[PDB]
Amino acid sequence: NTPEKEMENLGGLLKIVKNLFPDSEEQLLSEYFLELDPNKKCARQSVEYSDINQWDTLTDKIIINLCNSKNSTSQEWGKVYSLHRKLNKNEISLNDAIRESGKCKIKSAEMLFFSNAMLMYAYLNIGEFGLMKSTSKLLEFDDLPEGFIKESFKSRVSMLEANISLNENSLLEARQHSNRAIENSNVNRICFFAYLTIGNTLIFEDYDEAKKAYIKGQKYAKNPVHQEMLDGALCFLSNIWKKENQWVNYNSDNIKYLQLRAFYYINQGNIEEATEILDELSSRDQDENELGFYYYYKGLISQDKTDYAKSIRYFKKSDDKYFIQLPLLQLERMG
């Protein structure tokens, strides 16, 4: 209960606020984290706890305090997390991010570990699943000392490995990684993506069981960004099984949510406005995995097996062994 500046272990104060004030810990520590000394180890722990929770407004202000600090380790943590947030907010390109990180450099085992994990999030975001798979082999947990950060990174990696297993069509392994992230984490973001991934593995097996997993993930979808993603997953699930879709996004310019609205229009029969959506997406820079879905939706409209051919190539280029079964199945029906 000492003043904010001379705190010794956040890992003790955090374990008493989530058990006492669990429903309001975001606003409580949004004021407490900013009063910590940016030169101490506690302030460096706060940027990781704020970012794992994706309290983006809080994270961006802790980073400013770390960058403007004058302890070399805090400056290193602040700059690495700064590049991480830039990749999240699409204000720097991945090709320019790998060049930045080269000229400094990094010497703490935590930020040397997180530098590679950060890239795995970007690889996931732009559908470069070959680089994500291979990068995870360079994450060695034996280089990290035991403590608060290591357990937090273990949670991050459990969910990265769940998506690697999903992309490789290892559904049981993906569910095991997602279940271990749930059993050993209390962060809403971790639990949300765990149940989002569980549901993704059941999209083609059973509609209800996939929806049961997304329903659990709704309980952790307080972040409106997470809400938009769960809506897109439920929109994609409703379009696959041809069920009532109450999650169609009409007010968004995101490539993936625009595709899902076009997917919805295809199932409705509004070919004119499904084509118009796919028409404008042709002027957008879609990643290799988005282009796999894009040409699959094009094939459902034009019946051209060459559209399914190019969908498959794009799915193999991004190394997606799971959703590639959508164009493959649609031509097995054609003969």
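Heads up: residue numbers just count along the shown sequence, starting at 1.
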(request) Output the stretch having the higher mean C-alpha B factor in the entry; the candidates are 120-128 and 142-150. (result) 142-150
(message) I need to verify one thing: averaged over C-alpha atoms only, is the B-factor higher for 239-247 or for 160-168?
(response) 239-247
(request) Determine which member of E26, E288, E48, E272 has the highest CA B-factor, using the values in the deposited entry. (result) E272
(request) Using the B-factors in the PDB entry, rank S134's C-alpha atom against the chain and give the third, lowest, middle or highest. (result) lowest
(request) Using the B-factors in the PDB entry, rank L326's C-alpha atom against the chain and give the third, lowest, middle or highest. (result) middle
(request) Sort the modelled residues of this chain by their C-alpha B factor and say whether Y32 lands in the lowest, middle or highest third. (result) highest
(request) Comparing against every modelled residue in the chain, figure out the third that the C-alpha B-factor of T201 lands in (lowest, middle or highest). (result) lowest
(request) For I301, return the chain-relative third of its C-alpha B-factor as stated in the PDB record: lowest, middle or highest. (result) highest
